[PDB]
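Summary of structural features
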Amino acid sequence: XXXXXXXXXXXXXXXXXXXXXXXXXXXXXXXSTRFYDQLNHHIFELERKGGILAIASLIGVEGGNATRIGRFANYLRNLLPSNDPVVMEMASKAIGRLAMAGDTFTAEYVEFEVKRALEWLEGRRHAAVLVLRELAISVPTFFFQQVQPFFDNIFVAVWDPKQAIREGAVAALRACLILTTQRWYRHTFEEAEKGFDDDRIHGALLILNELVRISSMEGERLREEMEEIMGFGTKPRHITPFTXXXXXXXXXXXXXXXXXXXXXXXXXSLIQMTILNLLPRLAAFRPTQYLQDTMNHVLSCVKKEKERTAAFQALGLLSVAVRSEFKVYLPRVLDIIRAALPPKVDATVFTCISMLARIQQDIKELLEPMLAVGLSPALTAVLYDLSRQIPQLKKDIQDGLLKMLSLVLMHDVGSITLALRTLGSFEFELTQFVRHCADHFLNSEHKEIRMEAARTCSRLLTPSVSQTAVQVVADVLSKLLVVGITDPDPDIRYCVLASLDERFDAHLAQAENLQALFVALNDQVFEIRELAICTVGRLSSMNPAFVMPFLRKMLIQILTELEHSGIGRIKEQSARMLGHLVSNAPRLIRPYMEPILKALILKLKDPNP
Amino acid sequence: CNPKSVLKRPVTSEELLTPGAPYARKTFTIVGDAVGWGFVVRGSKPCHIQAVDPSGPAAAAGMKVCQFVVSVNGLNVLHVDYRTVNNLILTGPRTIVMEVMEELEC
């Protein structure tokens, strides 16, 4: 593990590289110490991306130690003064992961970086900013240790004519003001308004938003969820298995934003980017003159390009905020949506149609161009949440939506995968399709299609009296059992086995199906074997005449592998397996408890954890 | 004297049903918690909210004491007993969709 692992370490420094580092982290799970320090130093000095992948991954898994911290601290202190882009952000993330290790040296290491970060406040300035931002998230306590130097130095450095600093330093000021609000504000507004009085425009708006956005999360919670786009009554198992100035200056923040809603109409893409995000959240606190200054900049950016993506998102927040007064601007907004969709970016258009109602019967006619755009994860998430919020015609939604599904599932690869996610994501109202899908997965060499089509058929058999329907379910489940036994790819076997829920226990308990399951108890994968004995044990009440004789042979084998095999793993696996037997088949095991307990006591008096 | 009643409004039956005027409807979605939602509804006909835990998730998402409910998790419960609604909320999912009458200080 010195030179042989050095061959893959050199192939990691030279897709596969990220997996080579992921395999190194996985190698740190099983795991000499001196050779790993030399191997990390070999990759460091040479390339820098693989060196950070070697340092950070090992430290997280192998565990921070006084030896490891004292050595690797010098390596991290060398990267920061001078480094390339991309590598710099990776080295700053390796600081955050080291600072969240929870060691005694963390107090010294964090405050060492923070003190030097204040000295700087360009690979020096932006590095210190990423250090302070990640430490503010990971370590709130020591980030608060230097607050007065924090604000004073940063309000000077932010307003320098730079773009990388403005992107990161506001996220550090964001991370600071969140910690300040939960626990300065006068010194923030003073230096911000001094800076506002064209590089010194788009920065003030983010500071003004700080008072509006933190005081009212209601604006952010709508935007944060759209960007991403059990039960209390369950009976537990009888055998437990082992386990102020932000609101008073809110409109004032908008008053200094209203003037910054038409002044910087077209300056210098970068400034326009900060304007179009902030305006809806500022208006969402207090909506028309503020909107008119917003609408002039926002509406003009929708027709333009490089901003249309954020333009509808701002308008979607604006549509929820401005409820009644928006009806005047219906012809303006709807004409761009009716023109934008035919070209197919438009993933936002559907999200905002959900946020626009968040209504009229016109939307019913608006669906027929909407659906003609194409299969996207936003559209089907919207139409599901459309029938949630406004279930006026939930049947008409399902009527039209099933017509789309029929066209899709009648007739590349990643779309059919997502099309199965489409069929399987939200509720629906499917016999021929599934009997035809039983051919597709068998006759598909794509691993991901088989893995998803399995999830689909088991879900569409949730309605589980006509004999033909039962025989169909029996046929489909027989094909699934064949795939679950014979498929080479254990991932497909893993999904199928996991898909055999409580719902199917009436069908799995059939004689023919149970004879298949018995073969499955000799599976290559122990975990599937574990899950199978759980299923078989659970069925031992339904059909004890078959299950109890078969578990008896298995019980002997478990105790044979336990007692007679002189190997840690096999004995360890056998105990775990006997665990699942006790829990799932308690009737069988009670008469035989004294033999088992003597064997287990003997294992307890044996001289691997 | 064993029961406690904290609702000033004697009856709101048919007072709510009329559109507009005294209140403005709002829909509150409450997510389940390990310690429970922390609200009680004790209105016979209108099923008004009896009390709300100030530190609970419901109080964070509005849910003031002086409110009336008519629908829970979609199903309309405008005219049922409070205990019957209590059965529905417990038998339902962890996250509860609730509509609050939310009288506007009248």
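The deposited coordinates derive from cryo-EM, with the record listing a resolution of 4.24 Å.

A few words now on the packing of helix α10 (residues 148-157) of chain A against helix α11 (residues 164-182) of chain A. Residue and element names in this part refer to chain A. Contact geometry of α10 with α11 gives a least axis separation of 11 Å together with a crossing angle of 155°. Taken together, the axes of α10 and α11 are roughly antiparallel relative to one another. The hand of the α10/α11 crossing is left-handed. Along its contact with α10, which presents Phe150, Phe151, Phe155 and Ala157, the element α11 presents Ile165, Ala172, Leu173, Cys176, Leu177 and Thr180. Here the residues of the contact of α10 with α11 are counted per class, giving nine nonpolar, one polar and no charged.

Let us now look at the environment of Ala164 of chain A. For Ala164 of chain A, the location among the structural elements is in helix α11. On the basis of relative accessibility, which here comes to 38%, the residue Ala164 of chain A falls in the partly exposed class.

Attention now goes to the pattern of salt bridges. Oppositely charged side chains are able to pair whenever their charged atoms sit close together. All names here are of chain A. Under the counting rule described, the total for this entry stands at 20 salt bridges over all chains. Across the salt bridge formed by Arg68 and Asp37, the nearest N and O atoms sit 2.5 Å from each other. Its relative accessible area of 10% is what places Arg68 among the buried residues. Put simply, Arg71 and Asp37 hold a salt bridge, and the shortest N to O gap is 2.5 Å. We classify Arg71 as partly exposed; its relative accessible area is 38%. It is possible to trace a salt-bridge network through shared partners that takes in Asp37, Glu62, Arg68 and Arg71.

This part covers the side chain of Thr417 of chain A. Residues and elements named next belong to chain A. Position of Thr417 relative to the elements: it lies in helix α24 (residues 414-425). Assessed through its relative accessible area of 11%, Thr417 is described here as buried. Of note is the side chain of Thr417, whose polar atom sits 2.9 Å from the backbone oxygen of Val413. Filtering out sequence-adjacent residues up to four positions away, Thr417 remains in contact with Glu448, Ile449 and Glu452.

Before going further, it helps to examine the packing of helix α26 (residues 447-460) of chain A against helix α28 (residues 490-499) of chain A. All names here are of chain A. Remark: α26 packs on α28, axes separated minimally by 9 Å, with the N-to-C direction vectors making an angle of 5°. Taken together, the axes of α26 and α28 lie roughly parallel to each other. Together, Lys447, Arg450, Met451, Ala454, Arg455 and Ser458 of α26 and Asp491, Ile492, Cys495, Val496 and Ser499 of α28 make up the contact between the two elements. In the contact of α26 with α28, the residues fall into five nonpolar, two polar and four charged.

Residues and elements named next belong to chain A. The tally for this structure, following the rule as stated, stands at ten aromatic pairs over all chains. Here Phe72 and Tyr75 contribute two aromatic rings whose centre-to-centre distance is 6.0 Å and whose plane-to-plane angle is 40°, an arrangement assigned as tilted. Remark: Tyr75 and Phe72 occur in helix α5 (residues 66-79); sequence separation between them is three residues, near one turn of the helix. Of the residues examined, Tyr75 reaches a relative accessible area of 16% and is grouped as buried. Both rings, one in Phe151 and one in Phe155, keep their centres 5.6 Å apart while their planes meet at 15°; by these two values the pair is stacked. In this pair, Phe151 and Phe155 both sit in helix α10, four residues apart, roughly one turn of the helix.

Right, let's talk about the environment of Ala99 of chain A for a bit. Residues and elements named next belong to chain A. Counting through the fold element by element, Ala99 comes out in helix α6 (residues 87-99). In the structure, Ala99 is positioned 22 residues away from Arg77 in sequence and 14 Å away in space, judged by C-alpha atoms. Apart from the residues within four sequence positions on either side, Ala99 is in contact with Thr106, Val110, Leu135 and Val139.

What follows deals with the sheet that holds strand β4 (residues 69-72) of chain B. All names here are of chain B. Judged by pairing direction, the sheet is antiparallel, and its four strands sit side by side in the order β1-β6-β4-β5 without closing on themselves. With one partner strand each, in any of the chains shown, β1 (26-30) and β5 (75-76) form the two edges of the open sheet. The pairing of β4 with β5 spans two bridges and is classified as antiparallel. Its bridge partner lying in β5, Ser71 is registered against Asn76.

Residues and elements named next belong to chain A. The end-to-end C-alpha separation of helix α18 (residues 308-321) is 20 Å, in line with the 20 Å expected for 14 residues at 1.5 Å each. Most of α18 is tucked away, with eleven of its 14 residues classed as buried. Along α18, the residues classified as buried are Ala310, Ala311, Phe312, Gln313, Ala314, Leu315, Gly316, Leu317, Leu318, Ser319 and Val320. Against the buried residues of α18 lie α14 (218-228), α16 (270-285), α17 (289-303), α19 (330-340) and α20 (347-357).

Conventions used here
- Residues numbered from 1 in each chain as written, not as in the entry; some residues may be left out.
- Chains lettered and ligands numbered in written order.
- Part of a larger assembly, values for the part shown.
- Heavy atoms only, no water.
- Residues with missing side-chain atoms left out of burial classes, pairs and counts.
- Axes fitted to C-alpha atoms, helices over the stretch in contact; angles between N-to-C directions.
- Helix = DSSP H or I, 4+ residues; strand = E, 2+ residues; numbered from the N terminus.
- Parallel < 35°, antiparallel > 145°, perpendicular 65-115°, else oblique.
- Left-handed = near helix turned anticlockwise from the far one by under 90°.
- Contact = heavy atoms within 4.5 Å.
- Nonpolar A, V, L, I, M, F, W, Y, C, P; charged D, E, K, R; others polar.
- Buried < 20%, exposed > 50% of the residue type's maximum accessible area, 1.4 Å probe, protein only.
- Salt bridge = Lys/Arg side-chain N within 4 Å of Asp/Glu carboxyl O.
- Polar contact = N/O pair within 3.5 Å; in protein donor to acceptor, adjacent residues only side chain to side chain.
- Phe/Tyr/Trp six-rings, centres within 6.5 Å; stacked < 30°, edge-to-face > 60°.
- Pairing = 2+ DSSP bridges.
- Expected span 1.5 Å × (residues − 1).

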